[PDB]
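Engineer: Structure provided below as structure tokens; questions to follow.
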There are 4 protein chains.
Amino acid sequence: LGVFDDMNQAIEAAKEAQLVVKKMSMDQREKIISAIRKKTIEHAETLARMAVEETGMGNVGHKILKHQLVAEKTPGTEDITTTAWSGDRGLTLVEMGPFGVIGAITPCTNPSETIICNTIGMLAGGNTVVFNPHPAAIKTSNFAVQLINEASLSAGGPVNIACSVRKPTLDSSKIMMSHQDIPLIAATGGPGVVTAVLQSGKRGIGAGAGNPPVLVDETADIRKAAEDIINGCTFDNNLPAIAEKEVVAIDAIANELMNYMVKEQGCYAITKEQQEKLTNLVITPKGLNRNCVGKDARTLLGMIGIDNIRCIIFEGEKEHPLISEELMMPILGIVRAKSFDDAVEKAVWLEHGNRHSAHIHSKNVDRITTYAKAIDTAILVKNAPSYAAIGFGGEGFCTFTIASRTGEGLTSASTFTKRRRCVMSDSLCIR
Amino acid sequence: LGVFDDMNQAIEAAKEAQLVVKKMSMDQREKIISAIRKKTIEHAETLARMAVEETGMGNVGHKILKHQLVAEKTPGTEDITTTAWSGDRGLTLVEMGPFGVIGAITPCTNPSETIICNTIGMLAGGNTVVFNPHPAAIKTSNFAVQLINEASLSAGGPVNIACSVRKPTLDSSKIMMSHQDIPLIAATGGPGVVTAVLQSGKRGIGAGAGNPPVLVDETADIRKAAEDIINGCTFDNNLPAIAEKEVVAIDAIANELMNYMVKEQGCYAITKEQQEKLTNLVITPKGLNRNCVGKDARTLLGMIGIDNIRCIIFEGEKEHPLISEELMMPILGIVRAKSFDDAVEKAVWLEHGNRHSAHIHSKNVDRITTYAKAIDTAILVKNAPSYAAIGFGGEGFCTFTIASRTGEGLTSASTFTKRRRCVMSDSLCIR
Amino acid sequence: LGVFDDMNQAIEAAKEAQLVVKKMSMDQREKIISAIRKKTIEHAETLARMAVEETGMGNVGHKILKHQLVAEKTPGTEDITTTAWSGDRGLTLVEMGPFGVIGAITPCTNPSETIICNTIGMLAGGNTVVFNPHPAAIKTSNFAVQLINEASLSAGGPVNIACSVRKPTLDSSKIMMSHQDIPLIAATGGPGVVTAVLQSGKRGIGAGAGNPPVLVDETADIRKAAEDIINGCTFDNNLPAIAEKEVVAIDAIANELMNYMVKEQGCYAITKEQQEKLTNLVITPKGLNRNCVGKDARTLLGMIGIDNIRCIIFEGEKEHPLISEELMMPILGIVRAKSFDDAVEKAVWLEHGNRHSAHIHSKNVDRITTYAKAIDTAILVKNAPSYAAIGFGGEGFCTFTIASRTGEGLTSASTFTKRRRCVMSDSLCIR
Amino acid sequence: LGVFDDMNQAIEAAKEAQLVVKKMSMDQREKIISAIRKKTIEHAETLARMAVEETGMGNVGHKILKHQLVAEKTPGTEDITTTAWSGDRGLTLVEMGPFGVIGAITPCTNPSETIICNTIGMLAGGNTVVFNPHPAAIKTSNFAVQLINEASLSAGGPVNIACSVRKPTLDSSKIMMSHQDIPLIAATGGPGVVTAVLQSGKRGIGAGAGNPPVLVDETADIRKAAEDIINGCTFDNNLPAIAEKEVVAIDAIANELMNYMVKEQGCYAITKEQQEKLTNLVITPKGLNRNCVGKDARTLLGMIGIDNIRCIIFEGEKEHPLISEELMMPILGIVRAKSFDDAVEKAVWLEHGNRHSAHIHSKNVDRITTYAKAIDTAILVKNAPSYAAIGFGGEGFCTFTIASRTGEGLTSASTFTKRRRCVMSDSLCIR
Ligand SMILES: CC(C)(COP(=O)(O)OP(=O)(O)OC[C@H]1O[C@@H](n2cnc3c(N)ncnc32)[C@H](O)[C@@H]1OP(=O)(O)O)[C@@H](O)C(=O)NCCC(=O)NCCS
Ligand SMILES: CC(C)(COP(=O)(O)OP(=O)(O)OC[C@H]1O[C@@H](n2cnc3c(N)ncnc32)[C@H](O)[C@@H]1OP(=O)(O)O)[C@@H](O)C(=O)NCCC(=O)NCCS
Ligand SMILES: CC(C)(COP(=O)(O)OP(=O)(O)OC[C@H]1O[C@@H](n2cnc3c(N)ncnc32)[C@H](O)[C@@H]1OP(=O)(O)O)[C@@H](O)C(=O)NCCC(=O)NCCS
Ligand SMILES: CC(C)(COP(=O)(O)OP(=O)(O)OC[C@H]1O[C@@H](n2cnc3c(N)ncnc32)[C@H](O)[C@@H]1OP(=O)(O)O)[C@@H](O)C(=O)NCCC(=O)NCCS
């Protein structure tokens, strides 16, 4: 249901559906969107269980919360807005119109979250969407597509507002990328897929990688910073791109911070020898060990023969491979800094020019400003866990497509629209 | 001044300048922008004369007005705006940050207009820009770059906020497109350059082609529609992408309309035989005749041995090559329509799926709506000349980079920025 | 529950509640607001029945729809918004803070609609409210107050977010008006109460009277204009201030229009003699006959011995007392106009400088503009029934407090807040 | 020129002018506004000198800067904005229309600043204005009116966009307040005039009094706080309502702060005996000594026989009459606080429920938030002089009419407009 044997079929189906969607009222779109939100909540446990079973990554309870967040806080048609300028020369409107059929490449970390979040946004703007799901999360992804189409059916149709394929491949992704009925592709993934999309001759909205540092200075609430940082790091076993993945801590509070992490936040400190063993396990000749990504801390420790604990920590240099590299594992090094400017320099290196996400615990407005300016990320969270950036304990809406590479930031319905100016000359200014 | 021997030098220079620009206050940027506006006005006659002399296209008086429009109505730092959401969970800001060094590929139709308009916008957002000017308008383009740098010098620097090269080529455009210090390219030109940009692995903001129809229905002010349409068509000899390039007229008013065009608007009606000769002249085995593009009507008529007149008109079918093809010449066919829905169908075919610009003369709100929905263009002008779309007799700002292919519409400073969300958790909501 | 024996008690109670509300999160306010919306829908039939029984005015089915509209389309906390300006000099925020305890004077036409609509808006902005209900609709009004407090209790409190008195009087309204703990009064009623409020030394948000003309010109869809106009006029038996209360029709379509009204819209045309009898009935030495206001057409006709029909119509001069005077009865005179400018002149006289509401059926953009500029009302509806102005078949939110006298227009949560500027100097601009 | 013998003449003249202004284009209004800005700058020295000579208050150099600020940063027609909502049900616009002729009551502290600032704003929205100037600043005020009319003449008229009377009185203010052609009064003054305006049966936009505390905590940059606070306090000899008028300082930094004030900021510390003499001088049986208001510190000290120095300071209790009372003199008491919460409590008492202005020097986000929430003022400045609140070293526009009593905050053009909703049903949504 919405799932096809080949990519050309999927696209044609979505194209037919879009002729209806584009003519639907906002109330009609919103009825479908409401049905999607409801079904996402109703089946959050199933979606969450499916992802862990299929990919081996993450954990069920956190994926339930992520789907609840998508359902509650993804913008709908209220995100489609109009500007008006009027005067003696008349009325000029700027509207957000559909692109048409949008292609979307989705990850195996937040598979159904991305699919459902993209769909709500894209439908609100009058589009339909065709997915090429990640090959490691195909069943989970297509289940979400099927749910979306059931929701639309329950609200009177049409079917195929979201489409996918049974056996997504590099080849089927290439059919999408070169298909002339797809004017826009939303690429949520790694530099591999995204560069390909930005080489397609289409507009591409491109997520990128991150390696988010969290800087803690001596003005911070250190007890709360420990709680926030481990909560954010270990959320869905560090799978989210936004999650804290290393700490830069001012010398004077580093011991207090790590002590709290061990004593109150379920962190286990590993020795140099244990760091060496863990490094050899999780970084391989083929790169990141796929058998380790998104595993919980107790499992990773077990894998190297070390038997409550939810995070692995240690103090190290920024160049340490478990600190400099984005692991998507609950492994969190603490880098000690001599001074604030030292700390900012370390955090900037650690972010690696991704301009994705960065975090700080500090009560000082000048410090916060300095860091924000220097690090220049799509996301900056101050005195909360990273997930405050997508509306979990922070103001603002949720997305799972953070267009750090192409600059649109946290994408929503308005992102996936074409701008149209309508100039009504010398009339309809009523003033 | 701002002009370099090779593209790598240009880019490095712009990159150095941008480290200063990004740290400049809005007042500092605006001082430079004001100086640029002033200099553009001061040298509009020179820029206009240079373009006609160098390219052989357009006319001086209209290019003066286009530069005046750029100077008066291109947005500056006021276009860089901030959103805030606040509540018990604190304060979330969304800001527009710089990309960095932006590459820009510019046309030979509105060469200096595009360069100056792009620069004002890009500087406002904290960027610098490197141009690869059109090879047919190199001297005009680089003069504009030099003016921009003189303006910046007059306001205290820095130099190289806008850079270019002495001898732009396909090769130098390729250095820009593949340069890792350029994260964004603004491509103002034809499908050739734009597709290349959208294959570059960078975000590309892409202008496209158009073929703007103007539909006149029987409710229109026909005398004024004749005036508006010929004024818009013949503006800078039909060079602008937005200009009217064919008419679709309801049968009942078509004769009245064309009569007005001949009697009051300086139009000359050509016979079938003359249409045939003109077609053979302006469409060639190599495509559009470069020796004809942007020539005035008296010149084009002279070229086929026909000796006040500012536009060539005739009645014909939509498929007629002087009607279906975008000529950028003051040649305007009138296509007769049986009914409104017939007229909309003809206009939609004639726009060729460019979703660029379209125009209508009608006083009927339902008719206007029908047409606007069906034609789905970045620009729709109602009851005015096309140039009302860029702020000449219409509400709204000016641009010369209309991103019809990639969907950003009429570009301005905000277009050329990265979005950043800053989440201040549990503080700085003062309510 | 929320209802007190005397006004000073009510105000103190609301004042205590407001110390909690102002510190509530938007999510907490919205939980209560959601409960209020739900309860309003659940008890819409009861509220509607109570009003007709108590006041003798209006009709139950339409009052059900009015309460559904209030519940669905009154803005909540989303209407409380923040502006931000940032640059080198730091960050400036403008926020909407509470006034405190707001007093409100409400009508007997839309009693509970006004109370519930005011409360949702006022609560969203951090205020509480104290009502002095209309003495003709006390039981209906206080039932609505009780419902509001039940909703708040169901969501965890506090009680007394809305308060009222058991026996509202002119005297108790004067205690409210002169009470130093009430910095703002929202006055929904007649010139009597509103002027008193604007003499109170407090800010007053003041509804005024109207006499809304609907102009139909020869370009209109006349069959649909007949339907829309009688639907709008007869909605809740013409009680709403926005409702059509006289027609100005271009000569050429007047007969067609009235024919449709009689043949398809349940209108009964009265003779001059019948007009005379009806005039003597409904206009009295004491003014409008209270026994006639808000009665259906069949009843009014019966009252003068005339026995499907839902509206009384006739053709007459603008000065005819059943045309020039706001009756809040389904009595609708048609004034014939020679020309558009004649029609605009007649409609402007008929609106009596209230600048409240006016309506037009016309497909011509210039005509619409002319009329809109000339009539200068808080509300102008084009080609729909009047109730499109409050979100019933038109874009936009619902209100029952239209501040035509003081200029705030269709009031909502943002209306009832104080503006606060917060200047964070030389920090927290992250760009 | 714009100045009349009696108030009825002034109002009729303004009423005639407004029929033209309301029909003027934004470009036409802005041409006049530009001329007003230019003339204000050109004659700032004259306006400044006139005020000091006439009233005996303030100082010329600071009044020059205040007029430069008015000219540069008062919003014009860009502050008049439009909202649009569109969908299947059509297009709804909300516009800002004129009130008409606005009455304005202006002060003798910032006489011409208020007049010019009000006029720019009011003209932008399509209004004209009639002033009743303060009787102590009549010549200065009417000079400003004359300048405004010269500016309008220079831009082609009309004359009388701003009107005044030769001999303003309580009686002429009452003619304005009760005049039926004035639907709105902007009252910039003391509780006396404002309450009268809020008793007039008109909408009144009401400035109120203040007594702005500046709280300095132990996290502040104390050297800079000393500079900022004395600069803000002593600006135009403490005449502005926004200016710092007492300090609440955390014990631990109070001595450092006052030491800096004496050593670097030209403060003179007075003994208890000198405080007693100064109190007897400046507070009298008739209230504030008019012969002392707005005098410089050297003069006030001289007046009690005490002979570089620009501010008088001393440490005292909050109830000390030179601390608790708003003096509009460069007299600044420092109140010592035991703790932050103590300091907030003291500052809140000192503001006296005016909800006007308050200030803080602190680098701590939580502290700032606590204070902002507790003090609930129209203006809160953090880590700058008070005048950052009107755009002098802070983000945001300038006003001299801060509607603290009625809640509109820092008034501008949009403040002085009526809101109009225009519902275009089932057309002109182009999506
Ligand atoms: C989670 C992860 C380790 C799983 O690895 P995996 O199972 O081997 O799958 P991969 O993502 O490496 O991709 C396998 C191949 O399919 C491609 N691919 C990825 N997503 C695809 C999709 N929807 N559709 C089609 N092909 C896809 C990849 O490019 C790759 O091809 P390649 O061999 O030419 O490089 C990996 O996806 C990853 O590291 N993702 C992080 C990217 C990201 O968004 N990071 C921010 C979050 S912290
Ligand atoms: C005006 C015009 C007829 C002049 O033609 P021209 O002098 O032959 O120049 P061209 O634009 O055709 O380009 C010549 C070559 O340089 C390329 N080129 C164009 N702009 C370039 C630029 N800034 N920098 C480097 N190369 C450029 C072209 O791709 C082309 O290469 P190709 O042979 O591989 O196709 C032509 O530019 C044109 O038709 N432009 C319309 C595009 C447009 O924006 N239309 C909307 C306005 S109505
Ligand atoms: C419906 C209506 C005819 C009922 O008349 P009514 O039962 O006699 O009640 P009234 O509104 O005339 O008011 C009776 C008295 O109580 C006053 N009053 C009205 N509302 C009051 C309220 N909430 N609380 C206290 N007193 C109120 C009135 O000022 C009046 O006092 P008065 O004798 O000094 O003038 C009358 O309210 C009316 O005409 N309202 C229209 C006002 C309006 O908003 N029109 C736009 C809608 S079309
Ligand atoms: C500066 C000041 C001390 C000068 O005092 P003044 O010369 O005696 O003039 P006043 O303002 O006291 O007013 C004198 C009388 O004219 C009235 N008045 C004030 N402004 C008026 C105006 N434009 N037009 C007509 N009457 C006016 C006053 O109400 C007063 O009448 P009253 O005797 O019934 O009370 C006094 O105006 C003042 O204290 N203003 C502060 C109000 C304010 O805005 N404070 C915030 C700034 S810190």
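To be explicit about the labels: the chains of the structure tokens are called A, B, and onward in the order shown, and within each one the residues are counted from 1, while ligands get numbers from 1 in the order they are shown.
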Ligand 1: which residues are within 7 Å, counting only C-alpha atoms and all ligand atoms? Reply as a PyMOL selection string.

Structural biologist: chain A and resi 105-109+132-136+168-170+173+188-190+192-193+207-210+239-242+288+290+293+326+328

Engineer: How about saving the chosen residues, N, CA, C and O atoms kept, as a tab-separated table (two decimals), in the first residue's frame?

Structural biologist:
```tsv
chain	number	residue	atom	x	y	z
A	105	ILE	N	15.41	10.46	0.29
A	105	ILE	CA	16.33	9.39	0.65
A	105	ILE	C	16.48	9.43	2.17
A	105	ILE	O	16.85	10.46	2.75
A	106	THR	N	16.17	8.32	2.81
A	106	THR	CA	16.02	8.31	4.27
A	106	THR	C	16.99	7.33	4.95
A	106	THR	O	17.54	6.46	4.29
A	107	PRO	N	17.23	7.52	6.27
A	107	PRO	CA	18.31	6.80	6.94
A	107	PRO	C	17.82	5.55	7.65
A	107	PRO	O	16.62	5.30	7.66
A	108	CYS	N	18.73	4.78	8.23
A	108	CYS	CA	18.33	3.62	9.00
A	108	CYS	C	18.41	3.86	10.51
A	108	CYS	O	18.05	2.99	11.31
A	109	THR	N	18.78	5.08	10.89
A	109	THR	CA	18.85	5.49	12.28
A	109	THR	C	17.49	5.96	12.81
A	109	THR	O	17.00	5.45	13.84
A	132	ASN	N	13.10	6.38	-1.23
A	132	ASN	CA	14.01	5.27	-1.40
A	132	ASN	C	14.60	4.95	-0.04
A	132	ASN	O	15.63	5.51	0.34
A	133	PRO	N	13.95	4.05	0.72
A	133	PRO	CA	14.41	3.85	2.09
A	133	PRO	C	15.81	3.26	2.20
A	133	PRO	O	16.29	2.61	1.27
A	134	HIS	N	16.45	3.46	3.34
A	134	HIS	CA	17.71	2.80	3.62
A	134	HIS	C	17.58	1.27	3.54
A	134	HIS	O	16.67	0.70	4.13
A	135	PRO	N	18.52	0.60	2.86
A	135	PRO	CA	18.39	-0.86	2.70
A	135	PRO	C	18.44	-1.67	4.03
A	135	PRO	O	18.05	-2.85	4.05
A	136	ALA	N	18.91	-1.05	5.11
A	136	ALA	CA	19.00	-1.73	6.40
A	136	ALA	C	17.72	-1.59	7.22
A	136	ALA	O	17.55	-2.25	8.25
A	168	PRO	N	14.54	-1.28	-2.18
A	168	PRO	CA	15.33	-0.11	-2.52
A	168	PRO	C	16.80	-0.47	-2.69
A	168	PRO	O	17.33	-1.32	-1.96
A	169	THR	N	17.43	0.16	-3.66
A	169	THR	CA	18.82	-0.11	-4.02
A	169	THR	C	19.49	1.19	-4.41
A	169	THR	O	18.83	2.23	-4.57
A	170	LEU	N	20.80	1.12	-4.60
A	170	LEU	CA	21.51	2.23	-5.20
A	170	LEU	C	20.90	2.50	-6.58
A	170	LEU	O	20.64	3.65	-6.92
A	173	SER	N	17.61	4.34	-6.33
A	173	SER	CA	17.87	5.71	-5.91
A	173	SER	C	18.33	6.53	-7.12
A	173	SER	O	18.00	7.71	-7.25
A	188	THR	N	18.29	12.75	3.43
A	188	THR	CA	18.63	12.60	4.83
A	188	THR	C	19.53	11.38	5.00
A	188	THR	O	19.05	10.25	4.97
A	189	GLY	N	20.82	11.61	5.19
A	189	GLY	CA	21.78	10.52	5.21
A	189	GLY	C	23.22	10.99	5.36
A	189	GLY	O	23.49	11.99	6.02
A	190	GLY	N	24.14	10.24	4.76
A	190	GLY	CA	25.56	10.54	4.83
A	190	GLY	C	26.05	11.26	3.58
A	190	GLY	O	25.35	11.29	2.58
A	192	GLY	N	27.70	10.53	1.24
A	192	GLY	CA	27.63	9.72	0.04
A	192	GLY	C	26.39	10.03	-0.76
A	192	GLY	O	26.46	10.53	-1.88
A	193	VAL	N	25.23	9.74	-0.18
A	193	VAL	CA	23.96	9.98	-0.86
A	193	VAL	C	23.75	11.46	-1.19
A	193	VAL	O	23.26	11.80	-2.26
A	207	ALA	N	20.96	16.95	4.14
A	207	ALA	CA	21.43	16.80	5.50
A	207	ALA	C	22.91	16.52	5.38
A	207	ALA	O	23.39	16.12	4.33
A	208	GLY	N	23.65	16.78	6.45
A	208	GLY	CA	25.03	16.36	6.51
A	208	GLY	C	25.31	15.64	7.81
A	208	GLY	O	24.42	15.36	8.62
A	209	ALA	N	26.59	15.34	8.00
A	209	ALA	CA	27.07	14.69	9.20
A	209	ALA	C	27.28	15.73	10.29
A	209	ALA	O	27.19	16.94	10.05
A	210	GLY	N	27.51	15.26	11.51
A	210	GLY	CA	27.87	16.15	12.58
A	210	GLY	C	28.87	15.43	13.47
A	210	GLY	O	29.28	14.31	13.18
A	239	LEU	N	22.12	7.52	18.32
A	239	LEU	CA	21.82	7.55	16.88
A	239	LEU	C	21.55	8.94	16.27
A	239	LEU	O	21.95	9.16	15.14
A	240	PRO	N	20.81	9.83	16.95
A	240	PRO	CA	20.49	11.11	16.31
A	240	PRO	C	21.71	11.95	15.96
A	240	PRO	O	22.66	12.02	16.76
A	241	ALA	N	21.67	12.58	14.78
A	241	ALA	CA	22.75	13.48	14.37
A	241	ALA	C	22.99	14.62	15.33
A	241	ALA	O	24.12	15.10	15.45
A	242	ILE	N	21.94	15.09	16.01
A	242	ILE	CA	22.07	16.18	16.96
A	242	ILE	C	22.71	15.84	18.30
A	242	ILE	O	23.12	16.73	19.04
A	288	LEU	N	33.57	2.66	10.57
A	288	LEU	CA	32.76	2.42	11.75
A	288	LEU	C	32.25	0.99	11.72
A	288	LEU	O	31.81	0.50	10.68
A	290	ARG	N	29.66	-1.55	11.93
A	290	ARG	CA	28.19	-1.52	11.84
A	290	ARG	C	27.53	-2.34	12.93
A	290	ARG	O	26.38	-2.10	13.28
A	293	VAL	N	27.33	0.30	16.04
A	293	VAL	CA	26.56	1.55	15.95
A	293	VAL	C	25.19	1.37	16.61
A	293	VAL	O	24.49	0.38	16.34
A	326	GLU	N	32.60	10.74	14.83
A	326	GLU	CA	31.17	10.56	15.08
A	326	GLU	C	30.86	9.06	15.09
A	326	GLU	O	30.92	8.44	14.03
A	328	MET	N	27.98	7.50	16.77
A	328	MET	CA	26.59	7.11	17.04
A	328	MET	C	26.59	5.91	18.00
A	328	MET	O	25.94	4.88	17.76
```

Engineer: Distance table requested - chain C against chain D, cut-off 7 Å, only C-alpha atoms: one row per qualifying residue with the closest atom pair and its distance in Å to one decimal, ordered by chain and rising residue number, as CSV.

Structural biologist:
```
residue,atom,partner,partner_atom,distance
C:85,CA,D:395,CA,6.1
C:86,CA,D:395,CA,6.3
C:89,CA,D:394,CA,5.4
C:90,CA,D:395,CA,6.7
C:91,CA,D:395,CA,6.5
C:92,CA,D:395,CA,5.6
C:195,CA,D:201,CA,5.3
C:198,CA,D:201,CA,4.4
C:199,CA,D:199,CA,3.7
C:200,CA,D:199,CA,5.5
C:201,CA,D:198,CA,4.4
C:202,CA,D:198,CA,6.1
C:203,CA,D:406,CA,5.6
C:377,CA,D:420,CA,6.5
C:378,CA,D:420,CA,4.3
C:379,CA,D:421,CA,5.0
C:380,CA,D:422,CA,4.8
C:381,CA,D:423,CA,4.7
C:382,CA,D:424,CA,5.0
C:383,CA,D:425,CA,5.7
C:384,CA,D:425,CA,5.8
C:389,CA,D:423,CA,6.3
C:393,CA,D:89,CA,6.3
C:394,CA,D:89,CA,5.4
C:395,CA,D:92,CA,5.6
C:396,CA,D:92,CA,6.7
C:406,CA,D:203,CA,5.6
C:407,CA,D:418,CA,4.3
C:408,CA,D:419,CA,5.7
C:409,CA,D:419,CA,5.0
C:418,CA,D:407,CA,4.3
C:419,CA,D:409,CA,5.0
C:420,CA,D:378,CA,4.3
C:421,CA,D:379,CA,5.0
C:422,CA,D:380,CA,4.8
C:423,CA,D:381,CA,4.7
C:424,CA,D:382,CA,5.0
C:425,CA,D:383,CA,5.7
```

Engineer: As a ChimeraX atom specification, list the residues of region 162-342 of chain B assigned to alpha helix (DSSP H) by DSSP on the backbone atoms of this structure.

Structural biologist: /B:170-177,191-197,222-234,251-264,272-282,297-303,321-324,340-342

Engineer: Can you write just those residues out, C-alpha atoms, as a JSON list (two decimals), in the first residue's frame?

Structural biologist:
```
[["chain", "number", "residue", "atom", "x", "y", "z"],
["B", 170, "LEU", "CA", 34.01, 27.90, -19.22],
["B", 171, "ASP", "CA", 37.24, 26.67, -17.56],
["B", 172, "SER", "CA", 37.23, 29.40, -14.88],
["B", 173, "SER", "CA", 33.53, 28.76, -14.23],
["B", 174, "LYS", "CA", 34.48, 25.13, -13.62],
["B", 175, "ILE", "CA", 37.18, 26.11, -11.10],
["B", 176, "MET", "CA", 34.48, 28.03, -9.21],
["B", 177, "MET", "CA", 31.98, 25.20, -9.41],
["B", 191, "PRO", "CA", 19.77, 25.86, -18.75],
["B", 192, "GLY", "CA", 23.36, 25.18, -19.76],
["B", 193, "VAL", "CA", 25.14, 26.91, -16.90],
["B", 194, "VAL", "CA", 22.38, 26.12, -14.38],
["B", 195, "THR", "CA", 22.34, 22.38, -14.92],
["B", 196, "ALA", "CA", 26.14, 22.39, -14.57],
["B", 197, "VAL", "CA", 25.76, 24.21, -11.29],
["B", 222, "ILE", "CA", -8.07, 47.08, -23.56],
["B", 223, "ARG", "CA", -6.56, 50.52, -24.29],
["B", 224, "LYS", "CA", -4.41, 50.28, -21.18],
["B", 225, "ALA", "CA", -3.60, 46.62, -21.82],
["B", 226, "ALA", "CA", -2.14, 47.61, -25.21],
["B", 227, "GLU", "CA", 0.03, 50.28, -23.58],
["B", 228, "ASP", "CA", 1.16, 48.05, -20.70],
["B", 229, "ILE", "CA", 1.95, 45.07, -22.90],
["B", 230, "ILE", "CA", 4.02, 46.95, -25.48],
["B", 231, "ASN", "CA", 5.80, 48.90, -22.72],
["B", 232, "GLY", "CA", 6.67, 45.62, -20.97],
["B", 233, "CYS", "CA", 7.60, 43.69, -24.09],
["B", 234, "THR", "CA", 9.87, 46.37, -25.53],
["B", 251, "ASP", "CA", -11.45, 36.77, -29.78],
["B", 252, "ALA", "CA", -13.94, 39.48, -28.93],
["B", 253, "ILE", "CA", -11.25, 42.06, -27.99],
["B", 254, "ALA", "CA", -8.30, 40.91, -30.13],
["B", 255, "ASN", "CA", -8.90, 43.37, -33.00],
["B", 256, "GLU", "CA", -9.41, 46.30, -30.62],
["B", 257, "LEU", "CA", -6.25, 45.33, -28.79],
["B", 258, "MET", "CA", -4.08, 45.07, -31.92],
["B", 259, "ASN", "CA", -5.61, 48.24, -33.35],
["B", 260, "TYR", "CA", -4.55, 50.15, -30.24],
["B", 261, "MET", "CA", -1.11, 48.60, -30.46],
["B", 262, "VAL", "CA", -0.64, 49.87, -34.02],
["B", 263, "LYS", "CA", -2.41, 53.19, -33.62],
["B", 264, "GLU", "CA", -1.06, 54.27, -30.21],
["B", 272, "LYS", "CA", 2.78, 36.26, -43.53],
["B", 273, "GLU", "CA", 5.55, 36.73, -46.13],
["B", 274, "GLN", "CA", 7.36, 39.18, -43.84],
["B", 275, "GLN", "CA", 6.87, 36.75, -40.91],
["B", 276, "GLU", "CA", 8.54, 34.07, -43.00],
["B", 277, "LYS", "CA", 11.54, 36.29, -43.79],
["B", 278, "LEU", "CA", 11.89, 37.38, -40.16],
["B", 279, "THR", "CA", 11.72, 33.77, -38.97],
["B", 280, "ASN", "CA", 14.51, 32.74, -41.33],
["B", 281, "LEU", "CA", 16.60, 35.63, -40.06],
["B", 282, "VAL", "CA", 16.17, 35.20, -36.31],
["B", 297, "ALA", "CA", 12.14, 46.70, -33.88],
["B", 298, "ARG", "CA", 13.22, 49.27, -36.46],
["B", 299, "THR", "CA", 16.57, 47.50, -36.77],
["B", 300, "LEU", "CA", 15.07, 44.01, -37.14],
["B", 301, "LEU", "CA", 12.65, 45.25, -39.79],
["B", 302, "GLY", "CA", 15.53, 46.96, -41.58],
["B", 303, "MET", "CA", 17.48, 43.72, -41.54],
["B", 321, "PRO", "CA", 8.21, 29.82, -34.12],
["B", 322, "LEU", "CA", 8.23, 33.60, -33.37],
["B", 323, "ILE", "CA", 5.49, 32.93, -30.78],
["B", 324, "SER", "CA", 6.51, 29.58, -29.21],
["B", 340, "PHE", "CA", -11.22, 31.80, -21.38],
["B", 341, "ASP", "CA", -10.44, 28.17, -20.78],
["B", 342, "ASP", "CA", -9.06, 28.01, -24.36]]
```

Engineer: Give me the residues within 6 Å of region 27-41 of chain A as a ChimeraX atom specification, counting only C-alpha atoms and dropping any in the same chain fewer than 3 places off.

Structural biologist: /A:24,44,68,71,120,148,151-152,155

Engineer: What is the CA of residue 123 (chain D) to atom 10 (P, counted along the ligand's line) of ligand 4 distance in Å?

Structural biologist: 27.6 Å
